[PDB]
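Student: before I ask anything, here's the sequence and the deposited coordinates:
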Amino acid sequence: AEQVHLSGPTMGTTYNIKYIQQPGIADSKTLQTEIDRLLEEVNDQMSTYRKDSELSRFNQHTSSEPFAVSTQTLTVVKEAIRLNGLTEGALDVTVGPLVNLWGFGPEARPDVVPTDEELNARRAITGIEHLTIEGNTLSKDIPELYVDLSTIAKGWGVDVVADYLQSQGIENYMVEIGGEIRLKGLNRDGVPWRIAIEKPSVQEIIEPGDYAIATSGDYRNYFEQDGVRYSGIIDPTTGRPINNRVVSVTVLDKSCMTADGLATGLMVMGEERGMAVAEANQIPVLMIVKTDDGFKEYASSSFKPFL
Ligand SMILES: Cc1cc2nc3c(=O)[nH]c(=O)nc-3n(C[C@H](O)[C@H](O)[C@H](O)COP(=O)(O)OP(=O)(O)OC[C@H]3O[C@@H](n4cnc5c(N)ncnc54)[C@H](O)[C@@H]3O)c2cc1C
Ligand SMILES: [Mg+2]
Ligand SMILES: [Mg+2]
C-alpha cells in the first residue's frame, strides 16, 4: 500500500499522521493545510499558553456571568467534569493555579519551592465545584478560577483530526499528537497498526485495532533516586505533585480525548482505587508500579486480550 506521513508543530509538541492512500482521496497538501487549520483552532480555543485563546479569556474573566465558548471548548470541559466524577475528584481541570505554581504551565516560576502560605493560597482558588456549564457557556463562581485543559485537549485534537480523515474517505490511519494516538484499519503491510508499550528499556508491541491510546508518565521515571517525586501531575487533595509509586498508566478508549483524561486521572487515584474504577467501568488500563524488588504490571480485565 502507499503510506503518506504528515508531520508538524502543535501544542508545544509535534503531530505525526500516517494514512494509506486510496483512489479519489484528496492530495496530501490539501489534507495537511486543513489539518494545520483545525489544530491551530484547537490552540486558539484551548491553549493556556495563548493569552487570547477562548480558555485564557475565560481564565481572565472575573465575573460569574456565563461566558460564551465554541461547541468544541464546551465538549472538552463537559468531558473533564464527567471524568472528574468517574475518578472521584482525581482529574480536576481547575488545578490550573497549582500546575502554574509548581512550574508546569505558562507562569514563569523560580527553582525555589513554594512556601506553605503560597501553596494554601493557590489551593483556595481550585475545585471543580466552582465550574458549571449551560448550553455553549461556562461560569466560574470565584473570579480567580483558572481552567487547564492540557490533560485532555491533546486527545481532543487527535479526535478532531481522525474525524476529518474519516470525512475525507480515509479508513486506514494513525493520528499521533505528543504521544496521544488514534488508530483505524490497517498499516502499509495490511496488518493492524502497531504500538509499543515501554517497560523498565523493554518494548512490547500491541495491536489496539480501532481505538485511541493515551499514556501518562514513562518507563524512565523508574530509574530516578528516591526523594520528592518530580511531576507536572498534581494530586488535587494535597495541591502537590503526585508522590505514589505509579510509573505509567496506559488507557484505551474509542475517544482519544477520553483516554487522555482517564490515563492522568487513574494515575492520580493510584493502582488500588484506579484499577477498581477500571474494573467497574470496563476500562482497558495497563499500570506500571514501582516496588522494592522491581516493577509490577497491573492489566485490567479489558486490557488483557491486547497482551
Ligand atoms: C492545546 C494545548 C496547547 C499547548 N501549548 C503549549 C505551548 O505552547 N507550550 C508548552 O510548553 N506546552 C504547551 N502545551 C502542553 C501543556 O503545558 C502540557 O505540558 C501537556 O499538555 C502535557 O500533556 P501530557 O499528555 O504530557 O500529560 P498528561 O498526563 O496527559 O496531562 C498532564 C497535564 O495535566 C494538567 N494537570 C495536572 N494535574 C491534573 C489533574 N489532577 N487534573 C487535571 N489536569 C491536571 C497539567 O497541565 C499537566 O501538565 C499545550 C497543551 C495543549 C493541550
Ligand atoms: Mg491526560
Ligand atoms: Mg496527555
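Tutor: That came in fine, so what should we check first? Numbers count the residues shown, from 1 in each chain. Ligands and ions are numbered 1, 2, ... in the order given.

Student: quick one, phi psi at residue 133?
Tutor: phi -130, psi 150 (degrees, to the nearest 10).

Student: let me redo that: residue 287
Tutor: When quoted as degrees, to the nearest 10, the phi and psi of residue 287 stand at phi -110, psi 130.

Student: next one: residue 92
Tutor: Recorded main-chain torsions at residue 92 are phi -130, psi 100, according to degrees, to the nearest 10.

Student: what strand or helix carries residue 250?
Tutor: Secondary structure here is read from DSSP states H and E; on that basis residue 250 sits in strand 246-253.

Student: the closest residue to ligand 3 within the chain: helix or strand, and which one exactly?
Tutor: For the chain, the nearest residue to ligand 3 under the criterion CB to the ion is residue 260, separated by 4.3 Å. Using the backbone N, CA and C atoms, a C-beta is placed for each residue, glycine as well. Using DSSP H and E, residue 260 falls within helix 256-269.

Student: the residue of the chain closest to ligand 3 contacts residue 152, correct?
Tutor: Yes - counting by CB atoms under 8 Å, residue 260 sits close enough to residue 152 to count as a contact (5.3 Å).

Student: okay, those two: which has more neighbours?
Tutor: residue 260 (33 against 27; other CB atoms under 10 Å).

Student: now the strands: where do they sit in the stretch 1-150 of the chain?
Tutor: In chain order, the stretch 1-150 of the chain shows strands spanning 3-10, 13-20, 67-68, 131-133, 137-140, with DSSP state E, counting those that start in this stretch as the criterion.

Student: just the buried positions in the fourth one, please.
Tutor: By 16 or more other CB atoms under 10 Å, the buried positions in strand 131-133 come out as residue 131.

Student: strand partners of it, parallel vs antiparallel please.
Tutor: According to DSSP bridges, strand 131-133 has the following sheet partners: strand 137-140 (antiparallel).

Student: can you list the residues that contact the partner strand?
Tutor: Residues from elsewhere that reach strand 137-140 (CB atoms under 8 Å, 6 or more residues apart in numbering): 58, 61, 64-69, 73-74, 77, 130-133, 147.

Student: which member of those residues is positioned nearest residue 208?
Tutor: residue 77 (26.9 Å; CB to CB).

Student: count the residues that sit near residue 192.
Tutor: Using other CB under 10 Å, residue 192 has 17 neighbouring residues.

Student: shouldn't it be in contact with residue 186?
Tutor: Yes - the pair residue 192 / residue 186 is scored as a contact, 6.3 Å apart, by CB under 8 Å.

Student: show me the helices in the stretch 1-150 of the chain, by range?
Tutor: For the stretch 1-150 of the chain, the helices defined by DSSP state H, counting those that start in this stretch cover 28-46, 54-60, 71-86, 96-101, 116-123.

Student: export these to TSV and append columns for mean neighbour count.
Tutor: Putting the helices of the stretch 1-150 of the chain into TSV (neighbours: other CB atoms under 10 Å) gives the following:
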stretch	mean neighbour count
helix 28-46	16
helix 54-60	19
helix 71-86	18
helix 96-101	23
helix 116-123	14
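
Student: identify whichever of the ones you listed lies nearest to residue 286.
Tutor: Ranking the helices of the stretch 1-150 of the chain by distance to residue 286, with CB to CB as the measure, places helix 71-86 first at 18.1 Å.

Student: mind giving me the packing neighbours of that closest one?
Tutor: With contacts defined as 3 or more CB pairs under 8 Å, 6 or more residues apart in numbering; DSSP states H and E, the secondary structure elements packing on helix 71-86 are helix 28-46, strand 131-133, strand 137-140, helix 153-167, helix 256-269.

Student: quick one: the third one to chain centroid distance?
Tutor: The reference is to strand 137-140. The chain centre lies 22 Å from the centre of strand 137-140; the measure is CA atoms, centre = their mean, to the nearest Å.

Student: buried stuff in that strand?
Tutor: Of the residues in strand 137-140, those buried by neighbour count under the rule 16+ other CB under 10 Å are 138-140.
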